[PDB]
Amino acid sequence: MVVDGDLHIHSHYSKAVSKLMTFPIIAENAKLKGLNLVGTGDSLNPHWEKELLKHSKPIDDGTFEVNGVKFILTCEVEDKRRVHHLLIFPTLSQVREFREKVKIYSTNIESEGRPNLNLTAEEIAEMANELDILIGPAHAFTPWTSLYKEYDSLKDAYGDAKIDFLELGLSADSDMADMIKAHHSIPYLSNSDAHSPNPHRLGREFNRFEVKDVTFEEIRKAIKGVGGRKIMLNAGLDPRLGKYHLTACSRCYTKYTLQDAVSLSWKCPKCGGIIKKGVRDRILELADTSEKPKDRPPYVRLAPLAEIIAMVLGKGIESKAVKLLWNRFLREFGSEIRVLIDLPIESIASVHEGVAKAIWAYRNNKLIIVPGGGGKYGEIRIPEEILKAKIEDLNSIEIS
Ligand SMILES: [Zn+2]
Ligand SMILES: [Zn+2]
Ligand SMILES: [Zn+2]
């Protein structure tokens, strides 16, 4: 059994999160996206737990169903140093035991979706280890509220406590994270951190699990790669297009190497602007290996379907032309993820040849990329040889 899962989102109780992030609306857009499993998010908030039990039917003590969509208990907390950690709970009693354990170190457990805990990373992880709650750093390489912004290693942050996974985040893929050897024994999660239920936010990154059933316990087995269960692949954004991938000036966006920026005292000599340290160079600072684990699942670089369509059509993402073609793909094929990953290119071409070539370029890493940096997103382009080629000859075309 193959299931696609997104284990980090936020509810309407979180700051700067859309009010449309309710359980019914999240469930409907998950069906459009192709997510069979979604993390609840904000599970430490008692009002969000109320809405879950009101809107869901029990599968087991840790799995819930809302309109044909399975949910497991997840939450994100912020520690002393503003570092974010992702928690996955086996049962609701573990949610409550953890809630009472950290309540004296927080003042916003009942008023906010992401509680602020006056605790170190090790103290949070040891409480999670004590209650069999899966823990790992959220979006570990993001330039804010993340592990590697405040620490130079997992050990410095968690000490003697154990973590069960690492979340890559929107600014990193698996090959980037595998340049630090301490990560080679830690499974990777790719989650969207969705602040709105729309299919170009919900499921922007997701995991494909091979399980026997969609239960928390089966997902725990898949994360730990035991008993035939495993993560088949991680899917998410191309990190080279990220706002802060390369070290670059924040005004003119000229790219600089790391050692040039430090010798320049972080001042751009072209326009006098402030150079911002890039995520790729942050990992290069810490890189201590050239290998990656043999069993590491592949990382699939994707963009949401309506975003690919808006590029191919050269029109806005909310335009009528993009919505109609996106509706047509979802009508012919049940979900967006099926079109993005599973459909043959020839079948995608039956609806739109240009969208088919674009998706083929994504799957085969044939797109031409101008990397992002300094606050400006990267650029994408389909090479000329692909646009002129027949669909059947795409694998035979020599590129560049
Ligand atoms: Zn976060
Ligand atoms: Zn978050
Ligand atoms: Zn500049």
# chains A, B, ... in the order shown; residues from 1 in each chain; ligands from 1
$ closest_atom_pairs --of "chain A" --to "ligand 3" --cutoff "6 Å" --atoms "only C-alpha atoms and all ligand atoms" --output "tab-separated table"
residue	atom	partner	partner_atom_place_in_ligand_line	distance
A:249	CA	ligand 3	1 (Zn)	4.6
A:251	CA	ligand 3	1 (Zn)	5.1
A:252	CA	ligand 3	1 (Zn)	4.0
A:253	CA	ligand 3	1 (Zn)	6.0
A:254	CA	ligand 3	1 (Zn)	5.9
A:268	CA	ligand 3	1 (Zn)	4.7
A:270	CA	ligand 3	1 (Zn)	5.1
A:271	CA	ligand 3	1 (Zn)	4.2
A:272	CA	ligand 3	1 (Zn)	5.7
A:273	CA	ligand 3	1 (Zn)	4.6
$ select_by_dssp --residues "region 146-210 of chain A" --states "helix (DSSP H, G or I)" --output "number ranges by chain"
A: 147-150, 154-158, 174-177, 181-185
$ write_last_selection --atoms "N, CA and C atoms" --output "compact mmCIF listing (two decimals), in the first residue's frame"
# COMPACT_ATOMS: atom_id res chain seq x y z
N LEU A 147 17.21 24.73 13.56
CA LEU A 147 18.34 24.14 14.25
C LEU A 147 19.66 24.80 13.84
N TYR A 148 20.02 24.67 12.57
CA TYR A 148 21.35 25.04 12.11
C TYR A 148 21.55 26.55 11.99
N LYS A 149 20.54 27.36 12.28
CA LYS A 149 20.78 28.78 12.47
C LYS A 149 21.39 29.07 13.84
N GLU A 150 21.01 28.30 14.86
CA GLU A 150 21.47 28.52 16.22
C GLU A 150 22.51 27.52 16.69
N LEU A 154 23.69 18.67 15.54
CA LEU A 154 22.56 18.13 16.30
C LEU A 154 22.96 17.85 17.75
N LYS A 155 24.20 17.39 17.96
CA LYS A 155 24.64 17.01 19.30
C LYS A 155 24.67 18.22 20.22
N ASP A 156 25.15 19.37 19.72
CA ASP A 156 25.16 20.58 20.53
C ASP A 156 23.75 21.00 20.96
N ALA A 157 22.75 20.66 20.16
CA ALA A 157 21.38 21.07 20.44
C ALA A 157 20.66 20.07 21.35
N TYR A 158 20.72 18.78 21.03
CA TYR A 158 19.95 17.77 21.74
C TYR A 158 20.76 17.03 22.80
N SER A 174 17.60 16.27 0.08
CA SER A 174 18.29 15.21 0.81
C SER A 174 19.79 15.24 0.57
N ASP A 175 20.22 15.52 -0.66
CA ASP A 175 21.64 15.52 -0.97
C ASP A 175 22.37 16.63 -0.22
N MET A 176 21.73 17.79 -0.06
CA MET A 176 22.30 18.86 0.75
C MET A 176 22.48 18.41 2.20
N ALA A 177 21.43 17.80 2.78
CA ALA A 177 21.49 17.40 4.18
C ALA A 177 22.47 16.25 4.41
N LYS A 181 27.73 14.20 8.15
CA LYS A 181 27.73 12.76 8.38
C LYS A 181 26.82 12.35 9.53
N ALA A 182 26.62 13.24 10.51
CA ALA A 182 25.73 12.92 11.63
C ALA A 182 24.30 12.66 11.17
N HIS A 183 23.94 13.13 9.98
CA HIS A 183 22.59 12.93 9.45
C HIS A 183 22.41 11.58 8.78
N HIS A 184 23.49 10.84 8.52
CA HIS A 184 23.38 9.61 7.74
C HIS A 184 22.60 8.51 8.44
N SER A 185 22.42 8.60 9.76
CA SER A 185 21.67 7.61 10.52
C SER A 185 20.28 8.09 10.89
$ atom_distance --atom1 "CA of residue 81 (chain A)" --atom2 "CA of residue 376 (chain A)"
26.8 Å
$ closest_residue --among "A:145, A:11, A:257, A:94" --to "ligand 1" --atoms "only C-alpha atoms and all ligand atoms"
A:145
$ residues_around --residues "residue 371 (chain A)" --least-positions-apart "5" --cutoff "8 Å" --atoms "only C-alpha atoms" --output "ChimeraX atom specification"
/A:240-242,245-246,377-379
$ write_last_selection --atoms "C-alpha atoms" --output "compact mmCIF listing (two decimals), in the first residue's frame"
# COMPACT_ATOMS: atom_id res chain seq x y z
CA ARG A 240 18.18 25.93 -5.78
CA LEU A 241 15.21 28.24 -6.46
CA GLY A 242 14.94 29.24 -2.80
CA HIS A 245 20.05 29.35 -1.57
CA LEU A 246 23.22 31.16 -2.64
CA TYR A 377 13.59 33.49 -5.80
CA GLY A 378 15.29 31.53 -8.54
CA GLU A 379 14.25 31.29 -12.17
$ residues_near_ligand --ligand "ligand 1" --cutoff "12 Å" --atoms "only C-alpha atoms and all ligand atoms" --output "ChimeraX atom specification"
/A:8-10,14-17,41-42,75-79,82-87,113-116,136-147,167-170,191-195
$ write_last_selection --atoms "N, CA and C atoms" --output "CSV table (one decimal), in the first residue's frame"
chain,number,residue,atom,x,y,z
A,8,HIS,N,3.4,18.1,8.6
A,8,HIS,CA,3.6,19.4,9.3
A,8,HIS,C,2.7,20.5,8.6
A,9,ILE,N,1.7,20.9,9.3
A,9,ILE,CA,0.8,22.0,8.9
A,9,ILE,C,0.5,22.8,10.1
A,10,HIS,N,-0.4,23.8,9.9
A,10,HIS,CA,-0.8,24.6,11.1
A,10,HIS,C,-2.3,24.9,10.9
A,14,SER,N,-3.0,29.2,14.8
A,14,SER,CA,-1.6,29.6,14.7
A,14,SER,C,-1.5,31.1,14.2
A,15,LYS,N,-0.4,31.8,14.6
A,15,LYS,CA,-0.2,33.1,14.1
A,15,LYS,C,0.1,33.1,12.6
A,16,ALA,N,-0.5,34.1,11.9
A,16,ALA,CA,-0.2,34.3,10.5
A,16,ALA,C,-0.6,33.1,9.7
A,17,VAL,N,-1.7,32.4,10.0
A,17,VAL,CA,-2.2,31.3,9.3
A,17,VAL,C,-3.6,31.5,8.9
A,41,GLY,N,-1.3,18.9,13.0
A,41,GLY,CA,-0.8,20.1,13.4
A,41,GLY,C,-1.4,20.6,14.7
A,42,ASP,N,-0.7,21.5,15.4
A,42,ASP,CA,-1.2,22.2,16.6
A,42,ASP,C,-1.9,21.3,17.6
A,75,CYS,N,2.5,18.2,16.0
A,75,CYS,CA,2.5,19.5,16.6
A,75,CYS,C,4.0,20.0,16.4
A,76,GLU,N,4.1,21.4,16.4
A,76,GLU,CA,5.4,22.0,16.3
A,76,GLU,C,5.5,23.0,17.5
A,77,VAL,N,6.6,22.9,18.2
A,77,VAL,CA,6.9,23.8,19.3
A,77,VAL,C,8.1,24.6,19.1
A,78,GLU,N,8.3,25.7,19.8
A,78,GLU,CA,9.4,26.6,19.7
A,78,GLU,C,10.1,26.7,21.1
A,79,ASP,N,11.4,26.6,21.1
A,79,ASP,CA,12.1,26.4,22.3
A,79,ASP,C,12.7,27.8,22.8
A,82,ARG,N,14.2,29.9,20.1
A,82,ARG,CA,13.3,30.1,19.0
A,82,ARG,C,13.5,29.0,17.9
A,83,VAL,N,14.1,27.8,18.3
A,83,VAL,CA,14.2,26.7,17.3
A,83,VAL,C,12.9,25.9,17.3
A,84,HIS,N,12.5,25.5,16.1
A,84,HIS,CA,11.3,24.8,15.9
A,84,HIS,C,11.5,23.3,15.9
A,85,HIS,N,10.7,22.5,16.6
A,85,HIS,CA,10.8,21.1,16.7
A,85,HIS,C,9.4,20.5,16.3
A,86,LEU,N,9.5,19.4,15.6
A,86,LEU,CA,8.2,18.7,15.1
A,86,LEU,C,8.0,17.5,16.0
A,87,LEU,N,6.8,17.3,16.5
A,87,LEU,CA,6.4,16.2,17.4
A,87,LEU,C,5.3,15.4,16.7
A,113,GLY,N,-1.4,28.4,18.3
A,113,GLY,CA,-1.3,27.1,17.6
A,113,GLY,C,0.1,26.5,17.8
A,114,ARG,N,1.1,27.3,17.9
A,114,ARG,CA,2.5,26.8,18.0
A,114,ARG,C,3.0,27.3,19.4
A,115,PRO,N,3.0,26.5,20.4
A,115,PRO,CA,3.3,27.0,21.8
A,115,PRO,C,4.8,27.3,21.9
A,116,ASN,N,5.1,28.4,22.7
A,116,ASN,CA,6.4,28.7,23.0
A,116,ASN,C,6.8,28.1,24.4
A,136,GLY,N,11.9,15.6,16.1
A,136,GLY,CA,13.0,16.0,15.2
A,136,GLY,C,12.9,17.5,15.0
A,137,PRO,N,14.1,18.0,14.5
A,137,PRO,CA,14.1,19.4,14.2
A,137,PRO,C,13.2,19.7,12.9
A,138,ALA,N,12.4,20.8,13.0
A,138,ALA,CA,11.6,21.2,11.9
A,138,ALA,C,12.4,22.1,11.0
A,139,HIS,N,12.2,21.9,9.7
A,139,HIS,CA,12.9,22.7,8.6
A,139,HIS,C,14.3,23.1,9.0
A,140,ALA,N,15.1,22.1,9.1
A,140,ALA,CA,16.4,22.3,9.9
A,140,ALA,C,17.3,23.3,9.2
A,141,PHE,N,17.2,23.5,7.9
A,141,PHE,CA,18.1,24.4,7.2
A,141,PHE,C,17.5,25.7,6.8
A,142,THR,N,16.3,26.0,7.3
A,142,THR,CA,15.7,27.3,7.0
A,142,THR,C,16.4,28.4,7.7
A,143,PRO,N,16.6,29.6,7.1
A,143,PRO,CA,17.4,30.7,7.8
A,143,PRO,C,16.8,31.3,9.0
A,144,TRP,N,15.7,30.7,9.5
A,144,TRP,CA,15.1,31.3,10.7
A,144,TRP,C,14.3,30.2,11.5
A,145,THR,N,14.3,30.4,12.8
A,145,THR,CA,13.6,29.5,13.7
A,145,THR,C,14.0,28.0,13.5
A,146,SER,N,15.3,27.8,13.2
A,146,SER,CA,15.7,26.5,12.8
A,146,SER,C,17.0,26.0,13.5
A,147,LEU,N,17.2,24.7,13.6
A,147,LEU,CA,18.3,24.1,14.3
A,147,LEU,C,19.7,24.8,13.8
A,167,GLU,N,13.5,17.1,9.6
A,167,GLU,CA,12.7,17.7,8.5
A,167,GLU,C,13.6,18.6,7.7
A,168,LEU,N,13.6,18.4,6.4
A,168,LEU,CA,14.5,19.1,5.5
A,168,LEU,C,14.1,20.6,5.4
A,169,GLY,N,12.8,20.9,5.2
A,169,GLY,CA,12.4,22.2,5.0
A,169,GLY,C,12.4,22.6,3.5
A,170,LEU,N,11.8,23.8,3.3
A,170,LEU,CA,11.7,24.3,1.9
A,170,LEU,C,13.0,24.7,1.3
A,191,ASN,N,8.0,18.0,4.6
A,191,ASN,CA,6.6,18.5,4.9
A,191,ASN,C,6.4,19.9,4.4
A,192,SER,N,5.2,20.3,4.2
A,192,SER,CA,4.9,21.6,3.6
A,192,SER,C,5.0,22.7,4.5
A,193,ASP,N,4.7,22.5,5.8
A,193,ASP,CA,4.5,23.6,6.8
A,193,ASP,C,3.4,24.6,6.3
A,194,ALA,N,2.3,24.0,5.9
A,194,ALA,CA,1.3,24.8,5.2
A,194,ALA,C,0.6,25.7,6.1
A,195,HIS,N,0.5,27.0,5.7
A,195,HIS,CA,-0.3,28.0,6.4
A,195,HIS,C,-1.6,28.3,5.7
$ residues_around --residues "residue 95 (chain A)" --least-positions-apart "2" --cutoff "12 Å" --atoms "only C-alpha atoms" --output "PyMOL selection string"
chain A and resi 40-46+48-49+61-62+72-75+87-93+97-103+127-128+131-134
$ closest_residue --among "A:205, A:332, A:6, A:281" --to "residue 303 (chain A)" --atoms "only C-alpha atoms"
A:205
$ atom_distance --atom1 "CA of residue 230 (chain A)" --atom2 "CA of residue 35 (chain A)"
16.9 Å
$ closest_residue --among "A:215, A:336, A:196, A:20" --to "ligand 2" --atoms "only C-alpha atoms and all ligand atoms"
A:196
$ residues_around --residues "residue 32 (chain A)" --least-positions-apart "2" --cutoff "7 Å" --atoms "only C-alpha atoms" --output "list in words"
residues 28, 29, 30, 34, 335 and 336 of chain A
$ residues_around --residues "residue 165 (chain A)" --least-positions-apart "2" --cutoff "6 Å" --atoms "only C-alpha atoms" --output "PyMOL selection string"
chain A and resi 136+163+186-188
$ residues_around --residues "residue 353 (chain A)" --least-positions-apart "5" --cutoff "10 Å" --atoms "only C-alpha atoms" --output "VMD selection string"
chain A and resid 312 345 to 348 358 387 390 to 391
$ write_last_selection --atoms "N, CA and C atoms" --output "PDB file, in the first residue's frame"
ATOM      1  N   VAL A 312       3.626  27.225 -18.086  1.00  0.00           N
ATOM      2  CA  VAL A 312       3.497  26.763 -19.466  1.00  0.00           C
ATOM      3  C   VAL A 312       2.548  27.663 -20.246  1.00  0.00           C
ATOM      4  N   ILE A 345       4.236  10.303 -19.218  1.00  0.00           N
ATOM      5  CA  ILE A 345       4.277  11.591 -19.909  1.00  0.00           C
ATOM      6  C   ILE A 345       3.281  11.613 -21.060  1.00  0.00           C
ATOM      7  N   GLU A 346       3.115  10.476 -21.741  1.00  0.00           N
ATOM      8  CA  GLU A 346       2.184  10.407 -22.862  1.00  0.00           C
ATOM      9  C   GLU A 346       0.748  10.650 -22.415  1.00  0.00           C
ATOM     10  N   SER A 347       0.389  10.196 -21.212  1.00  0.00           N
ATOM     11  CA  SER A 347      -0.966  10.415 -20.715  1.00  0.00           C
ATOM     12  C   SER A 347      -1.180  11.873 -20.322  1.00  0.00           C
ATOM     13  N   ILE A 348      -0.164  12.507 -19.732  1.00  0.00           N
ATOM     14  CA  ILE A 348      -0.251  13.935 -19.439  1.00  0.00           C
ATOM     15  C   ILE A 348      -0.395  14.729 -20.731  1.00  0.00           C
ATOM     16  N   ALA A 358       6.969  19.936 -19.502  1.00  0.00           N
ATOM     17  CA  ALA A 358       7.429  20.581 -18.277  1.00  0.00           C
ATOM     18  C   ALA A 358       7.604  19.567 -17.154  1.00  0.00           C
ATOM     19  N   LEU A 387      11.183  21.800 -26.028  1.00  0.00           N
ATOM     20  CA  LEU A 387       9.975  22.402 -26.582  1.00  0.00           C
ATOM     21  C   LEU A 387       9.742  21.958 -28.021  1.00  0.00           C
ATOM     22  N   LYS A 390       9.387  15.897 -30.095  1.00  0.00           N
ATOM     23  CA  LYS A 390       8.194  15.084 -29.933  1.00  0.00           C
ATOM     24  C   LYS A 390       8.242  14.376 -28.584  1.00  0.00           C
ATOM     25  N   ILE A 391       7.058  14.093 -28.035  1.00  0.00           N
ATOM     26  CA  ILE A 391       6.973  13.491 -26.705  1.00  0.00           C
ATOM     27  C   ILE A 391       7.726  12.166 -26.664  1.00  0.00           C
TER      28      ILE A 391
END
$ select_by_dssp --residues "region 151-265 of chain A" --states "strand (DSSP E or B)" --output "list in words"
residues 166, 167, 188, 189, 194, 206, 207, 208, 209, 210, 230, 231, 232, 233, 234, 235, 236, 246, 248, 249 and 255 of chain A
$ atom_distance --atom1 "CA of residue 285 (chain A)" --atom2 "CA of residue 243 (chain A)"
19.0 Å
$ closest_residue --among "A:328, A:7, A:343, A:337" --to "ligand 2" --atoms "only C-alpha atoms and all ligand atoms"
A:7
